[PDB]
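> opening piece of a complex, kept in its complex position:
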Amino acid sequence: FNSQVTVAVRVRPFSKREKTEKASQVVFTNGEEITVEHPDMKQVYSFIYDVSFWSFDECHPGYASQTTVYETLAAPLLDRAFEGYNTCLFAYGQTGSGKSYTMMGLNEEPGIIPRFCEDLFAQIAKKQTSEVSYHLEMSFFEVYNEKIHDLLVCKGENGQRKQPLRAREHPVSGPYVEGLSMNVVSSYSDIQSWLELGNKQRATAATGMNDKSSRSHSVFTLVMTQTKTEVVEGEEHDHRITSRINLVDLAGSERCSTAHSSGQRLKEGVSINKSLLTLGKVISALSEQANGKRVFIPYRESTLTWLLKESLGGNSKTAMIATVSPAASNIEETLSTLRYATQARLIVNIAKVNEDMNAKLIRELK
């Protein structure tokens, strides 16, 4: 299904930081349409999105919680997953824009990721029948300085236990990680425990912009297979489908002029910005492709893109969520983010469902 990507946006409000150092509002939501006032009051930029939420305030219409945003954005992808489609959602934006606060959220207001996860487990409960057997697995890993590390591993005891892995490209199913310890899911409780361990061990750190920053890229994969009956008088349960869900928490530019730092700090920031740039180029060429343009896609210019190839494009029903700030202090960043997103709507891939009727005759009969 040559089909597009759902692009959603969430303007978080200002903070103690702006209260201490006054930073006016410039982002404005006409219900859902995004409008940004230049502090010079010379231009208003405006952007239109398939989805909007106005978390700037709780009161005016357009407001939405984590789960409102879920049932707007991610529950449909749950639907397409049970339809059998691979699915993607990934975040974008700067530091302190609640990109984690949205996707993952915290303990008290967890994000789209945990909402979807419990919805998925109970949605399997809805059809926990012998009509269709279900089997769910998940992996969870991180990207730091182009190095891949396993979030679900209890590290050993050593001064250096951040065991790197490497990537390999199956000629058919595409990239994957060696040693990636994909584990079985019984329920959202198990998912929760896994996520807790991983987010704990993630290489994150405090800084001058936020108390805790996602200095590494995080990937959270689920794959649900569902074995169903075929339409034959013989072995009926010989049909199966798979659906691969991919939820991605990226990092922010973290411009060093404000993110004054040194050593390993600046190193991580450099690698991050490099990665995100590569991603942006991927996104742009994808948009041009969706415009019908014959274009070479530098998936291979980094690791993030390479792994997420089949999700940024390929075969999956996908979405992006962009996080943006109201403070004029970072209006440039928010504008860049909004332009990224409004370009992002234009992207399409060709999404179907992964029966994998291999050595089955079912697809051939079909």
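All right, it came through fine. Numbering: from 1, shown residues only, chains lettered A, B, ... in the order given.

> next secondary structure after the strand or helix carrying residue A:335?
Using DSSP states H and E, the element containing residue A:335 is helix A:331-344. Where DSSP H and E defines the elements, the next helix or strand beyond helix A:331-344 is strand A:348-350.

> which strands and helices lie in contact with the helix holding residue A:335?
Under the contact definition 3 or more CB pairs under 8 Å, 6 or more residues apart in numbering; DSSP states H and E, helix A:331-344 sits against strand A:6-11, strand A:33-37, strand A:44-47, strand A:87-93, helix A:264-290, strand A:317-324. To be clear about C-beta, it is placed using only N, CA and C from the backbone, and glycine gets the same treatment.

> which helices and strands sit right next to the shortest one?
Read that as strand A:44-47. Other helices and strands packing on strand A:44-47, by 3+ CB pairs under 8 Å, 6+ apart, are strand A:33-37, helix A:331-344.

> go through the ones you listed and name the closest to residue A:124.
Closest to residue A:124 of the helices and strands packed on strand A:44-47 is helix A:331-344 (CB to CB; 30.6 Å).

> contacts for the helix holding residue A:335, please.
Helix A:331-344 is contacted by residues A:5, A:7, A:9, A:26-27, A:34, A:36, A:38-39, A:45, A:47-49, A:92-94, A:97, A:252-253, A:255, A:280, A:283-284, A:287, A:320, A:322-326 when judged by CB atoms under 8 Å, 6 or more residues apart in numbering.

> can you flag the buried ones in those residues?
Among those, those classed as buried by 16 or more other CB atoms under 10 Å are A:5, A:7, A:9, A:26-27, A:34, A:36, A:45, A:47, A:49, A:92-94, A:97, A:252-253, A:280, A:283-284, A:287, A:320, A:322-326.

> okay, now chain B:
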Amino acid sequence: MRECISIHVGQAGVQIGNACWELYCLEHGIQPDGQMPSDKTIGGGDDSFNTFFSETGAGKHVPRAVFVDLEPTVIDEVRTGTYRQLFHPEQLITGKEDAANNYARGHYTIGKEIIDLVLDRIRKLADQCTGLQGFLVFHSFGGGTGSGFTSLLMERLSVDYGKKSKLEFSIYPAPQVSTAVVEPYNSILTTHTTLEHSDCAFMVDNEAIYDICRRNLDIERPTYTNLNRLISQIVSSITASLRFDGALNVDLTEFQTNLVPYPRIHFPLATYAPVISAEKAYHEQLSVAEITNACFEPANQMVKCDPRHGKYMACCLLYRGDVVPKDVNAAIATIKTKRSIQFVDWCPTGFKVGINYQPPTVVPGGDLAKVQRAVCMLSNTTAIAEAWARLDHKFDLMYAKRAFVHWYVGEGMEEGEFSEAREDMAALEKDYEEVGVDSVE
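Alright, chain B goes in next:
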């Protein structure tokens, strides 16, 4: 007395500084060793002025200056060359590595570990400036250092001092000629910043000076060792007013205001009378009227910009040698009399003037022949924007594909910074449109 600080950053400046300071000595009769056997002969005079040179009881003299280029291979030539016994040896050969045309390196990453010295010697040199202070900086737009380090530097200087003249001299990137392919990224980033801290930045170019070096100087195969001398003499012809007497002198600050109508158009050009080879030292009288025509000849402009596609906001003209103001009023009269020249309606005044008795001098082994007089011109004009237009076009063409970008990011420069600087430059482009359009009622 008045004083000034000559800084050279990167290659281009230093090559010019060598050229510049070579001239000053001759103009002051000083030997390379800092001594004055001419003063042994004369036994008087302040020719080794406090303005550009200090002095000691040994009879030595030291220029008020400094340089740094992150390329030891350059300064070392100076450190072993004829003038090694002149300069303060504390010159900042910090060139463990160069910025390699990457702003992000010279500005941020490896402009570190260096600048804390550059500022310090400045203070030590500053502390002796019991006079005026205005800075003279030599850099090249588009080059990694000349843009990176220069931007970092002036930012701090405007904070260490702020309330001072900080005048740059710099080569704009030509439309066509280039020794690099990322100058456009580098240049635009520069103007994002130095626009704000600075107060004036005389721009030049190699293509024009090359052309001048052909047509009038009759040179088939010119090179850097002649251009710098033309660029030097200007800087003298400016700075002379601080050094010698004149029927009509001028300060640096006078240039700061008469040529600078609004805070954001402090970017003018220059000309001179280097139209004289040794053979054509004859066949002409080289009058006041004669040259003053020539100063506004499109050909003898020092960048690739037709005045005739624009107008003149303000001009200042500094004469040297046997020059009488009466002639100046006469020649300047005729210049107003011509319609090829378009001024704004704002400036009936239009022109500022300046005269010093002290003629030019001539470098032995050089090219320009002796002349009893000479003049320099400056001009703030709307015409330049076409050059700005060429650049921003180049930037956009290639930036669209984000070419060469990963290198800067590899050094820590966020993406949209480029776009931030771009939007600025379009504003400057609009600013020139604003001023240029005539008023009505």
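
> once more on the contacts of helix A:331-344, with chain B this time?
A:5, A:7, A:9, A:26-27, A:34, A:36, A:38-39, A:45, A:47-49, A:92-94, A:97, A:252-253, A:255, A:280, A:283-284, A:287, A:320, A:322-326, B:415-416, B:419-420 (CB atoms under 8 Å, 6 or more residues apart in numbering or on different chains).

> let me see the ranges of the strands in the stretch 101-250 of chain A.
A:132-144, A:147-150, A:167-170, A:174-177, A:183-185, A:217-228, A:239-249 (DSSP state E, counting those that start in this stretch).

> dump those to TSV, plus distance to residue A:365 and mean neighbour count.
Listed next are the strands of the stretch 101-250 of chain A as TSV, based on distance: least, CB to CB, whole Å; neighbours: other CB atoms under 10 Å in any protein chain shown:
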stretch	distance to residue A:365	mean neighbour count
strand A:132-144	19	20
strand A:147-150	41	20
strand A:167-170	27	11
strand A:174-177	27	17
strand A:183-185	32	15
strand A:217-228	15	21
strand A:239-249	11	22
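
> format those as a markdown table; extra columns: distance to residue B:207.
Listed next are the strands of the stretch 101-250 of chain A as a markdown table, based on distance: least, CB to CB, whole Å:
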| stretch | distance to residue B:207 |
| --- | --- |
| strand A:132-144 | 48 |
| strand A:147-150 | 48 |
| strand A:167-170 | 50 |
| strand A:174-177 | 50 |
| strand A:183-185 | 67 |
| strand A:217-228 | 47 |
| strand A:239-249 | 50 |
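
> just send those strands back as JSON lines, with distance to chain B too.
Output for those, formatted as JSON lines (distance: least, CB to the nearest CB, whole Å):
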{"stretch": "strand A:132-144", "distance to chain B": "17"}
{"stretch": "strand A:147-150", "distance to chain B": "17"}
{"stretch": "strand A:167-170", "distance to chain B": "20"}
{"stretch": "strand A:174-177", "distance to chain B": "21"}
{"stretch": "strand A:183-185", "distance to chain B": "36"}
{"stretch": "strand A:217-228", "distance to chain B": "16"}
{"stretch": "strand A:239-249", "distance to chain B": "19"}
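
> chain C goes on too:
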Amino acid sequence: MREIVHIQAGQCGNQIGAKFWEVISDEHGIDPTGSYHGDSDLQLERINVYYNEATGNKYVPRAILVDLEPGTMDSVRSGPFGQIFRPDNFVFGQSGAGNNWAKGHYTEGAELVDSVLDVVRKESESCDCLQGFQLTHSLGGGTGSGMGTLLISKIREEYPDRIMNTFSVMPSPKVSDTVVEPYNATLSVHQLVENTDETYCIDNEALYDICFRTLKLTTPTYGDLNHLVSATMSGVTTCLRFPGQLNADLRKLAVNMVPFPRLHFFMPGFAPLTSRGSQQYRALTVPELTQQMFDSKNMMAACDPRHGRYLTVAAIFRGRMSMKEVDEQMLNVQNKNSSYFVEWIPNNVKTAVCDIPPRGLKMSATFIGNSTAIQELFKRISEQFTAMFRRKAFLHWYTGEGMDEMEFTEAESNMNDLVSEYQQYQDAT
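Now chain C, sitting on the chains shown earlier:
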């Protein structure tokens, strides 16, 4: 000062290294003993660029030799300049790989790479300011390729901020040396592109035609071809060791040459050559040099530009020259032959000038190019590869060392991708 570590790996490289230092020593007034007997401080002001010093005013090069599986070891040592090399830097093992990459990457080189890497660390630490690395090798073979890329990667992890350059003899279209070059190289390219800042793609065939026609030599040898390779290796870094009106360095070469991080393969050239007779029948000018420089037959890479286009070049000149004539000449080339160049790069060329000519020439130049023609070599290796891969023609020899089909497959996808990338910009717009 900027310092470089030069490394030799493989029969073809070490000889290139062997011919290399013989040229540098001549460019610095040094004897086979390592003493100074020159006449200019310039030969010494920056000797620490390539060499270390020793007690009695001797000068040891920063050279390392790693594939001295001994058969070529004596060949180097019992040579006119074998003796200068640090004996401790003569690292080696035995039981040569037999051109099997896997032996040269996974088994034997694994045992040895520690030791050579250890020595590199010494030469690194003894430096004051390390800039980059300079490896000589060849693709298609076992040692030069496998052990190369191995050693390249490790060093990159240890010095990822630093530069890694290579000068790699490439497999031919037509005249092979080994029969598994498509196998040996593509594996190399997989690791070469990803762990490199630049590499200089050299083909033997072009060098033959080059020496055959312009140099008009009827009996050229491997000893003489190299003599041209060493020149370019020296010209690239002339502005490093020597001064000039406009200076250049390795870092300044890349950033102006590498727009996208993967298109870092190049087509070098060098001027001037005239077969001694015509020396009386010309004169050296800037347009003259330029004319040879962009000569489609002076390209040692064997990828005819005229079926493709240039992204960006670097024309490093050497000698007393005027810059006007220099900058003018590049523009003319950009003008008249514009179709061979990219639109979306507004100026498709840089420059660099050093004021110190070579031993017996008044002016010299060195060419560096990045072009779309490199596609062709890459197709060849790919097309040759698949025809053998699908039948598993020779595969069993590597699998005996532990490789698997995926690895051969991986590189293929990568190599084809590099091609497509070039092909993206191959069409004028």
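
> since we added chain C, can you redo the contacts of helix A:331-344?
With CB under 8 Å, 6+ apart, helix A:331-344 has contacts from A:5, A:7, A:9, A:26-27, A:34, A:36, A:38-39, A:45, A:47-49, A:92-94, A:97, A:252-253, A:255, A:280, A:283-284, A:287, A:320, A:322-326, B:415-416, B:419-420.

> which residue, other than its chain neighbours, is closest to whichever residue of the stretch 201-350 of chain B sits closest to chain A?
Of all residues in the stretch 201-350 of chain B, the one sitting closest to chain A is residue B:264 (13.7 Å; CB to the nearest CB). Spatial nearest neighbour of residue B:264, chain neighbours left out: residue B:431 (5.3 Å); criterion: CB to CB, 6 or more residues apart in numbering or on different chains.

> in the helix or strand hosting the one you found, what's buried?
Per DSSP H and E: residue B:431 is located in helix B:417-436. Buried residues in helix B:417-436, defined by neighbour count with 16 or more other CB atoms under 10 Å in any protein chain shown: B:417-422, B:424-425, B:428, B:431-432, B:435-436.

> closest to residue A:214 out of the residues you listed?
Out of the buried residues of helix B:417-436, the member with the shortest distance to residue A:214 (by CB to CB) is residue B:417, at 21.7 Å.

> which residues touch the residue nearest to residue B:264?
Neighbouring residues of residue B:431 by CB under 8 Å, 6+ apart: B:262, B:264, B:265.

> wait, the first one touches residue B:435, no?
Yes: with contact defined as CB atoms under 8 Å, residue B:262 and residue B:435 form a contacting pair (7.0 Å).

> alongside chain C, which residues does the stretch 1-150 of chain B contribute?
B:11, B:15, B:71-74, B:76-77, B:96-98, B:100-102 (CB under 8 Å from any CB of the partner chain).

> from those residues, which land in helices?
If you go by DSSP state H, the residues of the stretch 1-150 of chain B next to chain C have B:11, B:15, B:72, B:73, B:74, B:76, B:77 in helices.
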